[PDB]
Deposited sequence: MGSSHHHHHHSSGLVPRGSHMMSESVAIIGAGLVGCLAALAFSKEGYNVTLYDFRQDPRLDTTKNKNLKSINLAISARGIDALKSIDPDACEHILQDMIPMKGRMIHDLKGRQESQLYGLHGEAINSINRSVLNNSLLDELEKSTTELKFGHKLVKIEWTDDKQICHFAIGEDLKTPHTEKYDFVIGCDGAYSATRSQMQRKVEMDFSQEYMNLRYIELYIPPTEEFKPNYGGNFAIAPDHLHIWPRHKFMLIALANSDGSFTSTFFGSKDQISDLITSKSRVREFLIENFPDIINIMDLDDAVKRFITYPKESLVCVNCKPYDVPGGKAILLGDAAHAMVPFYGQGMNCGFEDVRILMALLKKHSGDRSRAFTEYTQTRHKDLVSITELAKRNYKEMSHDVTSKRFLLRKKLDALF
């Protein structure tokens, strides 16, 4: 019965914590942010698209809770393209995706954890790790604090501190790249009345991923359960910077480029969101290997392969990481040293393809 320190209570980390509690490991999930469920309190997006692969990975870890967690997801049967004239054209789907709320999926995973042996330590920032040949010494900041574990699993985001600590122990080929891409989260409220055709209070087609393809920028919309739409604008930081110098400049920009949103969105609210948007940069990372030899550490999710939003699906990719790691662990009879090794040897070549294609689709647009 071994113990594991999982650094990062995000979607990937919480899932890994669930899959390691399922197998019998004494899991201890950490995160420097407070409990997201707590009212007194880190959402990069209101919702996201989960693929069949991301769903199958959910089932492989908990078939029961899966259909309970994903009970509010909305399937997309294709893309709905809005042109400059405001005309909509449907483009049916290769791989099916479903819209699901991020905070709900995150909280649901957390709830399933507290219904198990695992232990949740929020407000614990990992600062340092020392590597022995038996147990790893994890230093936190909450006020110094230290606990020892058999192995540490990093799921602490693109700026992974776990990754940095691993680099002091292993020769890691590592590359980080900051993109010009920026995103602004907008909101399309539900209609006042139920719409028979859409099957809810939706201003537009709920079973479609709406896209407003423009030159070097983009608007998208995913349906929420309550009828509203989570909307996201994608563009370079330069374009946005030039826009937000004037409320009228932003307002006239939206009307000109997305004329068919005037009936479904308050422009004054979108202008406000544009100007006061968190100017947070997007970074892409690649690692090799993802594991410390001896099976003492491993990287999953954005910590290992952070990629471009929309063009790449990081959550689905992160979920697939966990499922493959479990297949290997249950193929090598719990031998983490041999399982973590085969992970890198097989997962890296897939991740190289995925991240590059996503990066290639992005550079194409911009």
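Trainee: Need the unmodelled segments of the deposited chain, numbered from 1, in order.
Mentor: No C-alpha coordinates exist for 1-22, 64-66, 119-121, 171-175, 400-417.
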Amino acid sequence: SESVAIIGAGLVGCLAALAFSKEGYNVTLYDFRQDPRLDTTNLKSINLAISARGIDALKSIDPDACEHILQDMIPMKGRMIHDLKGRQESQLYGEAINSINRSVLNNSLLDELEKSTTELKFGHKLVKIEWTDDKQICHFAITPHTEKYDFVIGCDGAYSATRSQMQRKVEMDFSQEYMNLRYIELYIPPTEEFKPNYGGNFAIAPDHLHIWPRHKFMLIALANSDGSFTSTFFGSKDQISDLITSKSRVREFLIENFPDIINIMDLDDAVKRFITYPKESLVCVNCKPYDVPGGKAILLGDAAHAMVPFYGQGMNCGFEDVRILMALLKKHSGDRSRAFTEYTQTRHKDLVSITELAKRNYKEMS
From here on, numbers count along this sequence of modelled residues.
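Rigid core (definition): largest C-alpha set, two forms, superposition within 1.5 Å.
Trainee: After fitting on the rigid core, pick out whichever of 12-20 or 351-359 shows the bigger RMS C-alpha deviation in 5 other deposited structures of this protein.
Mentor: Comparing 12-20 with 351-359, the larger C-alpha deviation in 5 other deposited structures of this protein belongs to 351-359.
Trainee: Find the stretch among 206-214 and 271-279 with the larger RMS C-alpha deviation in 5 other deposited structures of this protein, all structures being superposed on the shown form by the rigid core.
Mentor: If we average over structures and residues in 5 other deposited structures of this protein, the farther stretch is 271-279.
Trainee: Please confirm whether residue 75, modelled here, goes without coordinates in at least one third of the other compared entries that cover both its neighbours.
Mentor: Per the records, residue 75 is modelled in all the other entries.
Trainee: Check this for me: in at least a third of the other entries compared, is residue 157 absent while its neighbours are modelled?
Mentor: Residue 157: modelled in all of the comparison entries.
Trainee: If you average the CA temperature factors as listed in the entry, which stretch comes out higher, 224-232 or 111-119?
Mentor: Mean C-alpha B-factor is greater for 111-119.
Trainee: Mean Cα B factor from the PDB record: higher for 175-183, or higher for 241-249?
Mentor: The recorded data point to 241-249.
Trainee: Which one of 304, 50, 325, 58 shows the biggest C-alpha B-factor in the PDB entry?
Mentor: Spelled out: the listed residue with the top C-alpha B-factor is 58.
Trainee: Comparing recorded Cα B-factors across 291, 83, 268, 147, which one is largest?
Mentor: If I rank 291, 83, 268, 147 by C-alpha B-factor, first place goes to 147.
Trainee: Can you work out whether the C-alpha temperature factor of residue 76 puts it in the lowest, middle or highest third of the chain?
Mentor: Middle third, going by the recorded CA B-factors of the chain.
Trainee: With respect to C-alpha B-factor, does residue 170 fall in the lowest, middle or highest third of the chain as deposited?
Mentor: Within its chain, residue 170 is a middle-third residue by C-alpha B-factor, going by the deposited values.
Trainee: Please place residue 190 in the lowest, middle or highest third of its chain by C-alpha B factor as given in the entry.
Mentor: It belongs to the lowest third of the chain when residues are ordered by C-alpha B-factor.
Trainee: For residue 261, does the deposited CA B-factor place it in the lowest, middle or highest third of the chain?
Mentor: Tercile = lowest for this residue's CA B-factor.
Trainee: Please place residue 217 in the lowest, middle or highest third of its chain according to the CA B-factor in the PDB entry.
Mentor: Lowest third - that is where residue 217 ends up once the chain's C-alpha B-factors are sorted.
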